[PDB]
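What follows is a short report on a single structure.
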Amino acid sequence: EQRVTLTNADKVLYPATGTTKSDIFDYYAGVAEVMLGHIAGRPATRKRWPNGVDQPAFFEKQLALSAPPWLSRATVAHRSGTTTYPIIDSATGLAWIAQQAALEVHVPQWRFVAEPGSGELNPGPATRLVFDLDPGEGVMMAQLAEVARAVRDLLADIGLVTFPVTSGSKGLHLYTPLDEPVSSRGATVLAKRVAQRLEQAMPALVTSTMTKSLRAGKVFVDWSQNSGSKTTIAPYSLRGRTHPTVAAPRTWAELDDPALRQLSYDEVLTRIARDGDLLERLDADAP
DNA sequence: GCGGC
DNA sequence: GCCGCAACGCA
């Protein structure tokens with residue numbers, strides 16, 4: 001029986017805009033339906049600002065022993081330790097998220113799948129690819145959206161559909177559902193090849209190695225977040241920046257608008273009221 | 001934000 | 001009151 005009590009409702013987590021815990025709480029109730037599909041079955045990494053975006057935050061992955069018993073969870077082994085993650089898959093789970101002041105929710109591109117037998121959750125294959133397009137110092141949007149279309153076209157050549165999401169920060173994330181789910185290892189190799197093929201077509205506009213030295217006036221097409229041990233901001237997640245911006249799904253037509261900007265939480269709310277989930281095809285097989 | 005100390 | 005609360009890929 002899922003219950004969550006909001007405390008400090010009027011406490012401001014975004015000093016610049018007066019955005020409160022209750023605002024955040026309402027936002028996540030507002031997006032639950034369209035957001036859940038994309039984080040369902042996935043280990044939820046939280047980044048938390050209990051005292052607002054002008055105060056120290058922390059990453060949290062392990063689930064606290066005192067977190068509500070009804071939260072679904074699963075365990076991931078990694079290079080030097082085990083970790084039990086929460087899995088958010090209900091509106092109440094996003095209520096907890098908001099009460100926790102977990103402004104940001106991050107997930108990998110794979111989901112847990114049950115063991116043949118009786119339900120032990122283990123990491124499954126990548127169900128989608130993500131690309132992170134990071135604009136170097138002084139990089140035009142004409143450069144950013146041109147690169148995003150180029151990635152789209154490459155992926156289309158191999159039968160894949162691509163959905164753009166402004167990261168709410170500086171980035172631009174592109175997601176592709178896989179009709180043939182593959183290992184995170186394979187997905188990474190595939191993504192790397194795409195990033196690299198693109199680099200070769202427009203070396204002055206695109207780079208595929210992260211090294212900050214080759215990162216000025218160029219778009220860095222980051223392919224590495226398809227690694228199974230990496231994580232990416234969830235679609236619809238708030239960002240812990242001075243403004244309550246969101247990893248907002250966009251249309252390709254919107255990318256054609258030179259007046260493309262990062263959206264705030266409330267703009268996202270009305271867009272949903274207008275168009276529902278642009279990312280509806282992304283996780284059509286979600287739990 | 002919240003429990004362990 | 002104080003403190004922790006992640007751990008990639010190679011920096």
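Order of the sequence lines sets the chain letters (A, B, ...), proteins ahead of strands, with each chain counted from 1. Heavy atoms only: backbone and side chains are in, while hydrogens, waters and symmetry mates are out.
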Q. Does the separation of the ring centres of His106(A) and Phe59(A) fall below 6.0 angstrom?
A. yes
Q) Does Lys21(A) have a side-chain nitrogen or oxygen under 4.0 Å from the phosphate oxygens OP1 or OP2 of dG1(B)? A) yes
Q: State, without any angle test, whether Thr207(A) and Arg215(A) hold a side-chain donor-acceptor pair at a distance under 3.5 Å.
A: no
(Q) For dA7(C) and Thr83(A) - does any side-chain N or O of the residue sit under 4.0 Å from the phosphate oxygens OP1/OP2? (A) yes
Q) Between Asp10(A) and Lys21(A), is there a salt bridge with N-O shorter than 4.0 Å? A) no
Q) Of the nucleotides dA7(C), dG1(B), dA6(C), which one has an atom closest to the side chain of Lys11(A)? A) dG1(B)
Q. Taking atom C1' in both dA7(C) and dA11(C), what distance in whole Å separates the two?
A. 14 Å
**Q.** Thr83(A) and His78(A) side chains, donor-acceptor separation under 3.5 Å
**A.** yes
Q: Look at all strands and tell whether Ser224(A) reaches a base, only sugar-phosphate, or nothing, counting heavy atoms closer than 4.0 Å.
A: nothing
**Q.** Pair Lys218(A), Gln143(A): side-chain N/O donor-acceptor within cut-off below 3.5 Å
**A.** no
Q) Does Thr7(A) place a side-chain N or O at less than 4.0 Å from the phosphate oxygens OP1/OP2 of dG1(B)? A) yes
(Q) Please determine whether a side-chain nitrogen or oxygen atom of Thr211(A) lies at a distance below 4.0 Å from atom OP1 or OP2 of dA11(C). (A) no
Q.
What I'd like to find out is whether the side chain of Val105(A) reaches to under 4.5 Å of the side chain of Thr45(A), using heavy atoms alone.
A. no
Q. To the side chain of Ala101(A), which of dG1(B), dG3(B), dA7(C) is closest?
A. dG1(B)
(Q) Could you tell me how far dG4(B) sits from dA6(C) if I compare only their P atoms? Round to whole Å. (A) 15 Å
Q: Check the distance between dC2(C)'s P and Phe58(A)'s CZ and give it to me in whole angstrom.
A: 18 Å
Q.
Please list, in numerical order, the residues of residues 41-57 of chain A that have a heavy atom closer than 4.0 Å to any atom of DNA chain B.
A. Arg48(A), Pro50(A)
Q. Please give, in whole Å, the distance from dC5(C) P to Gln100(A) CD?
A. 15 Å
Q: May I ask you to evaluate whether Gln225(A) reaches the phosphate of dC8(C), defined as a side-chain N or O under 4.0 Å from OP1 or OP2?
A: no
Q.
Looking only at the side chains, is there a donor atom on one of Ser90(A) and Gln2(A) sitting less than 3.5 Å from an acceptor on the other?
A. yes
Q: Give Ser227(A) one of three labels, base, sugar-phosphate or nothing, depending on what nucleic acid heavy atoms sit under 4.0 Å from its own.
A: sugar-phosphate
Q. Quick one: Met210(A) CE to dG9(C) P, roughly how many Å, whole number?
A. 9 Å
